[PDB]
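Data block below; observations after.
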Amino acid sequence: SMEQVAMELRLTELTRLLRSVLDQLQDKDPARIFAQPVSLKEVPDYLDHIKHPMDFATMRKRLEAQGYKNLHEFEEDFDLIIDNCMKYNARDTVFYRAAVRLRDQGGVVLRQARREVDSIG
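22 is the number of the first residue of the sequence shown in the authors' numbering; add one for each residue after it.
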(Lines of atoms letter the chains of each structure in order from A and count residues from 1; the text may use other names and numbers.)
(Lines give C-alpha, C1' and ligand atoms only; values in the text may rest on other atoms or scores of the structure.)
Protein backbone atom coordinates (compact mmCIF):
# COMPACT_ATOMS: atom_id res chain seq x y z
CA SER A 1 0.00 0.00 0.00
CA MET A 2 0.85 3.69 -0.60
CA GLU A 3 0.06 4.65 3.11
CA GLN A 4 2.59 2.06 4.38
CA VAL A 5 5.17 3.80 2.15
CA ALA A 6 4.19 7.33 3.50
CA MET A 7 4.54 6.12 7.12
CA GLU A 8 7.82 4.51 6.11
CA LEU A 9 8.83 7.95 4.71
CA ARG A 10 7.81 9.44 8.18
CA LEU A 11 9.75 6.75 10.17
CA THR A 12 12.58 7.34 7.72
CA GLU A 13 12.52 11.07 8.24
CA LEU A 14 12.30 10.59 12.05
CA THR A 15 15.32 8.28 11.68
CA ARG A 16 17.13 11.04 9.78
CA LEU A 17 16.36 13.58 12.57
CA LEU A 18 17.27 11.00 15.31
CA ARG A 19 20.62 10.31 13.59
CA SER A 20 21.51 13.99 13.71
CA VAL A 21 20.35 14.17 17.39
CA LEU A 22 22.49 11.08 18.17
CA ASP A 23 25.57 12.60 16.59
CA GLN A 24 25.03 15.84 18.53
CA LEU A 25 24.56 13.97 21.80
CA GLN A 26 27.61 11.87 21.14
CA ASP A 27 29.69 15.09 20.55
CA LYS A 28 28.92 16.10 24.20
CA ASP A 29 30.89 12.93 25.22
CA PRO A 30 34.43 13.65 23.92
CA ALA A 31 35.97 11.26 26.48
CA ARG A 32 33.93 8.36 24.88
CA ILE A 33 32.81 7.06 28.29
CA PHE A 34 29.38 6.16 26.69
CA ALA A 35 30.43 4.90 23.21
CA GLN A 36 30.27 1.19 23.92
CA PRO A 37 28.53 -1.17 26.39
CA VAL A 38 30.09 -1.51 29.79
CA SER A 39 32.37 -4.55 29.54
CA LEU A 40 31.11 -7.56 31.49
CA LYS A 41 34.68 -8.96 31.40
CA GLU A 42 35.99 -5.80 33.19
CA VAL A 43 32.85 -5.26 35.42
CA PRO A 44 31.67 -8.84 35.93
CA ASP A 45 29.00 -7.84 38.54
CA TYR A 46 27.49 -5.10 36.30
CA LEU A 47 24.17 -6.87 35.62
CA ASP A 48 23.58 -7.38 39.38
CA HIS A 49 23.43 -3.55 39.56
CA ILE A 50 22.08 -2.40 36.20
CA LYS A 51 19.16 -4.26 34.68
CA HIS A 52 19.01 -2.49 31.30
CA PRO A 53 22.47 -1.46 30.09
CA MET A 54 22.69 1.10 27.30
CA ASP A 55 25.36 2.89 25.30
CA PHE A 56 25.66 4.95 22.09
CA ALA A 57 26.66 2.09 19.82
CA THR A 58 23.71 0.01 20.93
CA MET A 59 21.42 3.06 20.30
CA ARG A 60 22.96 3.44 16.83
CA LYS A 61 22.33 -0.21 15.92
CA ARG A 62 18.68 0.28 16.91
CA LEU A 63 18.40 3.57 14.99
CA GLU A 64 19.82 2.12 11.76
CA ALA A 65 17.35 -0.80 11.93
CA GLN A 66 14.63 2.00 12.16
CA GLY A 67 13.87 0.64 15.58
CA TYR A 68 12.78 3.99 17.20
CA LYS A 69 9.06 4.61 16.38
CA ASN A 70 9.00 8.00 18.20
CA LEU A 71 11.26 10.46 20.08
CA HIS A 72 10.05 9.20 23.43
CA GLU A 73 11.60 5.75 22.71
CA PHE A 74 14.95 7.35 21.75
CA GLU A 75 14.95 9.59 24.87
CA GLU A 76 14.23 6.56 27.08
CA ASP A 77 17.47 4.93 25.84
CA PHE A 78 19.49 8.16 26.23
CA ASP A 79 18.13 8.49 29.77
CA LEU A 80 19.27 4.84 30.53
CA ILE A 81 22.80 5.75 29.48
CA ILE A 82 22.83 8.64 32.04
CA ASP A 83 20.78 7.03 34.73
CA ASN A 84 22.70 3.75 34.74
CA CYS A 85 25.98 5.63 35.09
CA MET A 86 24.72 7.79 38.01
CA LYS A 87 23.57 4.72 39.86
CA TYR A 88 26.62 2.48 39.37
CA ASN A 89 29.25 5.20 39.93
CA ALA A 90 29.56 7.35 43.04
CA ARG A 91 28.93 11.05 42.99
CA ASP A 92 32.66 11.98 43.32
CA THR A 93 33.78 9.96 40.21
CA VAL A 94 34.78 11.05 36.70
CA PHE A 95 32.10 8.69 35.31
CA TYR A 96 29.24 10.17 37.37
CA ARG A 97 30.35 13.68 36.56
CA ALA A 98 30.50 12.89 32.82
CA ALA A 99 26.88 11.67 32.95
CA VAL A 100 25.71 14.87 34.67
CA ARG A 101 27.40 16.96 32.01
CA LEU A 102 25.96 14.84 29.18
CA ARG A 103 22.51 15.13 30.67
CA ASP A 104 22.76 18.92 31.00
CA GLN A 105 24.06 19.54 27.49
CA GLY A 106 21.88 16.88 25.97
CA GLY A 107 18.75 18.60 27.36
CA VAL A 108 19.27 21.60 25.09
CA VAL A 109 19.47 19.35 21.98
CA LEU A 110 16.48 17.26 23.07
CA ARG A 111 14.41 20.35 23.82
CA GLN A 112 14.74 21.55 20.18
CA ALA A 113 14.38 17.97 18.79
CA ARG A 114 10.95 17.71 20.47
CA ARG A 115 9.90 20.97 18.74
CA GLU A 116 11.17 19.59 15.31
CA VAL A 117 9.32 16.26 15.71
CA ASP A 118 6.03 18.04 16.65
CA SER A 119 6.55 20.79 13.98
CA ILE A 120 7.61 18.65 10.96
CA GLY A 121 5.12 15.92 12.17
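Built from N, CA and C at the ideal position, the CB exists for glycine as well.
Would you report the Cα separation of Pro-74 and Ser-22, rounded to the nearest angstrom?
38 Å
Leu-43 and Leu-84 - do their beta-carbons sit closer together than 8 Å?
Yes.
Starting from the C-beta of residue 144, find all residues in its chain whose C-beta is less than 8 Å away, skip the five residues before and the five after it, and write them out in chain order.
Since the first and last residues shown for the chain are 22 and 142, residue 144 lies out of range.
Enumerate in chain order the residues of its own chain whose CB-to-CB distance from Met-80 is below 6 Å, with the five nearest sequence positions on each side excluded.
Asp-98
Can you have a look at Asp-48 and say buried or exposed, based on whether 16 or more other CB atoms are within 10 angstroms of its CB?
exposed
Quick one: grab the DSSP three-state call for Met-107.
DSSP, read as helix, strand or coil, puts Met-107 in helix.
Please classify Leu-123 as buried or exposed, where buried requires at least 16 other C-beta atoms within 10 Å of its C-beta.
buried
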